[PDB]
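Novice: File entry.cif follows (mmCIF, C-alpha atoms):
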data_work
loop_
_atom_site.group_PDB
_atom_site.id
_atom_site.type_symbol
_atom_site.label_atom_id
_atom_site.label_comp_id
_atom_site.auth_asym_id
_atom_site.auth_seq_id
_atom_site.Cartn_x
_atom_site.Cartn_y
_atom_site.Cartn_z
ATOM 1 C CA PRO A 1 87.513 -38.317 2.625
ATOM 2 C CA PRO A 2 84.403 -38.195 4.839
ATOM 3 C CA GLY A 3 81.283 -39.710 3.221
ATOM 4 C CA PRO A 4 77.958 -37.886 2.852
ATOM 5 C CA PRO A 5 75.190 -37.850 5.475
ATOM 6 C CA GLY A 6 73.149 -40.977 6.303
ATOM 7 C CA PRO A 7 69.506 -41.416 5.326
ATOM 8 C CA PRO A 8 66.947 -39.274 7.256
ATOM 9 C CA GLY A 9 65.030 -40.941 10.174
ATOM 10 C CA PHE A 10 61.299 -41.644 9.862
ATOM 11 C CA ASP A 11 58.822 -39.484 11.688
ATOM 12 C CA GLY A 12 57.086 -40.925 14.751
ATOM 13 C CA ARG A 13 53.567 -42.373 14.735
ATOM 14 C CA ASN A 14 50.757 -39.907 15.231
ATOM 15 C CA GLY A 15 49.459 -40.067 18.785
ATOM 16 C CA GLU A 16 46.111 -41.721 19.365
ATOM 17 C CA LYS A 17 42.658 -40.070 19.418
ATOM 18 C CA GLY A 18 41.812 -38.008 22.454
ATOM 19 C CA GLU A 19 39.371 -39.648 24.801
ATOM 20 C CA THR A 20 35.664 -39.034 24.682
ATOM 21 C CA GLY A 21 34.231 -36.361 26.942
ATOM 22 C CA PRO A 22 31.897 -37.500 29.688
ATOM 23 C CA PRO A 23 28.086 -36.994 29.416
ATOM 24 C CA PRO B 1 85.499 -42.611 6.451
ATOM 25 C CA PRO B 2 81.704 -43.162 6.601
ATOM 26 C CA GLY B 3 79.677 -39.895 6.703
ATOM 27 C CA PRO B 4 77.750 -38.420 9.649
ATOM 28 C CA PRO B 5 74.446 -39.826 10.840
ATOM 29 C CA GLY B 6 71.196 -39.048 9.003
ATOM 30 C CA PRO B 7 69.080 -36.464 10.752
ATOM 31 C CA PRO B 8 66.529 -37.641 13.346
ATOM 32 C CA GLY B 9 62.864 -38.123 12.306
ATOM 33 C CA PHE B 10 60.368 -35.739 13.935
ATOM 34 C CA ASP B 11 58.389 -36.872 16.963
ATOM 35 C CA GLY B 12 54.876 -37.929 16.063
ATOM 36 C CA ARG B 13 52.062 -35.437 15.931
ATOM 37 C CA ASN B 14 49.905 -35.427 19.038
ATOM 38 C CA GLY B 15 46.469 -36.999 19.091
ATOM 39 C CA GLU B 16 43.399 -34.938 18.355
ATOM 40 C CA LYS B 17 41.599 -33.598 21.405
ATOM 41 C CA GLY B 18 38.666 -35.722 22.538
ATOM 42 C CA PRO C 1 87.672 -42.772 -2.330
ATOM 43 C CA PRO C 2 85.302 -40.389 -0.457
ATOM 44 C CA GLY C 3 83.402 -42.548 2.073
ATOM 45 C CA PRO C 4 79.985 -44.230 1.887
ATOM 46 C CA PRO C 5 76.946 -42.492 3.391
ATOM 47 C CA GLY C 6 76.455 -42.259 7.193
ATOM 48 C CA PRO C 7 74.176 -44.412 9.368
ATOM 49 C CA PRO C 8 70.393 -44.094 9.216
ATOM 50 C CA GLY C 9 69.000 -41.189 11.320
ATOM 51 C CA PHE C 10 67.074 -42.220 14.426
ATOM 52 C CA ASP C 11 63.284 -42.297 14.162
ATOM 53 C CA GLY C 12 61.041 -39.884 16.056
ATOM 54 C CA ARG C 13 59.105 -40.929 19.152
ATOM 55 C CA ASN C 14 55.390 -41.752 19.135
ATOM 56 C CA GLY C 15 53.148 -38.733 19.426
ATOM 57 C CA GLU C 16 51.222 -38.150 22.625
ATOM 58 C CA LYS C 17 47.604 -39.217 23.040
ATOM 59 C CA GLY C 18 45.214 -36.333 22.643
ATOM 60 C CA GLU C 19 43.226 -34.442 25.254
ATOM 61 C CA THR C 20 40.087 -35.951 26.697
ATOM 62 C CA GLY C 21 37.126 -33.928 25.518
ATOM 63 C CA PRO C 22 35.012 -31.865 27.918
ATOM 64 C CA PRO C 23 31.910 -33.171 29.692
ATOM 65 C CA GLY C 24 28.580 -32.840 27.756
ATOM 66 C CA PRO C 25 25.892 -30.133 28.033
ATOM 67 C CA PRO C 26 23.298 -30.577 30.783
ATOM 68 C CA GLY C 27 20.082 -32.415 29.728
#
Hey, can you dump this file as structure tokens for me?
Specialist:
Amino acid sequence: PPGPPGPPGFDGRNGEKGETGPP
Amino acid sequence: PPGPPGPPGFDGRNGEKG
Amino acid sequence: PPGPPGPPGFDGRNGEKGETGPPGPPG
């Protein structure tokens, strides 16, 4: 019989800080 | 037979606005 | 017997870099 579903994937890394605004 | 694939992870959260 | 579990799910992609902030107030 078919087995059960595989383990869930991991979520991706959070994107990196937005860049500073200019003066 | 081996089961179906695990579900995909979610894409990462976006970066905070500057 | 009923089969073993499936393969690991794929991982999500990296998140996008955030928005550049706006320019500062005049001096």
Novice: Between CA of residue 16 (chain C) and CA of residue 16 (chain B), what is the distance in Å, rounded to a tenth?
Specialist: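 Separation between CA of residue 16 (chain C) and CA of residue 16 (chain B): 9.5 Å.
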Novice: At what distance in Å, to one decimal, does CA of residue 19 (chain A) lie from CA of residue 11 (chain B)?
Specialist: 20.8 Å
Novice: Leaving out residue 3 (chain C) and any residue of its chain fewer than 6 positions from it, which residues lie within 8 Å of it when counting all atoms listed in the file, given as a list in words?
Specialist: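 Counting all atoms listed in the file, the residues come to residues 1, 2, 3 and 4 of chain A; 1, 2 and 3 of chain B.
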Novice: Could you list, as a compact mmCIF listing (two decimals) with C-alpha atoms, keeping the file's coordinate frame, every residue within 9 Å of residue 21 (chain A), counting only C-alpha atoms and ignoring same-chain residues fewer than 2 positions away?
Specialist:
# COMPACT_ATOMS: atom_id res chain seq x y z
CA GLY A 18 41.81 -38.01 22.45
CA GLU A 19 39.37 -39.65 24.80
CA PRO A 23 28.09 -36.99 29.42
CA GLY B 18 38.67 -35.72 22.54
CA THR C 20 40.09 -35.95 26.70
CA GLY C 21 37.13 -33.93 25.52
CA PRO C 22 35.01 -31.86 27.92
CA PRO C 23 31.91 -33.17 29.69
CA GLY C 24 28.58 -32.84 27.76
Novice: Just so the selection is clear, what residues does the PyMOL selection byres ((chain C and resi 6-11) around 9) cover here, as a list in words?
Specialist: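 So the PyMOL selection byres ((chain C and resi 6-11) around 9) ends up selecting residues 3, 4, 5, 6, 7, 8, 9, 10, 11 and 12 of chain A; 2, 3, 4, 5, 6, 7, 8, 9, 10 and 11 of chain B; 3, 4, 5, 12 and 13 of chain C.
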Novice: State, in Å with one decimal place, the distance from CA of residue 22 (chain A) to CA of residue 18 (chain C).
Specialist: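 According to the coordinates, CA of residue 22 (chain A) and CA of residue 18 (chain C) are separated by 15.1 Å.
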Novice: Quick one: what's the axis-aligned box for region 3-18 of chain B, all listed atoms, 5 Å on every side, centre and edges in Å to one decimal, as lines of an AutoDock Vina configuration file?
Specialist:
center_x = 59.2
center_y = -36.7
center_z = 14.6
size_x = 51.0
size_y = 16.3
size_z = 25.8
Novice: Apply the PyMOL selection byres ((chain C and resi 15) around 6) to the file shown and report the selected residues as a PDB file with C-alpha atoms, in the frame of the given file.
Specialist:
ATOM      1  CA  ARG A  13      53.567 -42.373  14.735  1.00  0.00           C
ATOM      2  CA  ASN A  14      50.757 -39.907  15.231  1.00  0.00           C
ATOM      3  CA  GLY A  15      49.459 -40.067  18.785  1.00  0.00           C
TER       4      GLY A  15
ATOM      5  CA  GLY B  12      54.876 -37.929  16.063  1.00  0.00           C
ATOM      6  CA  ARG B  13      52.062 -35.437  15.931  1.00  0.00           C
ATOM      7  CA  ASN B  14      49.905 -35.427  19.038  1.00  0.00           C
TER       8      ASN B  14
ATOM      9  CA  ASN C  14      55.390 -41.752  19.135  1.00  0.00           C
ATOM     10  CA  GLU C  16      51.222 -38.150  22.625  1.00  0.00           C
TER      11      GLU C  16
END
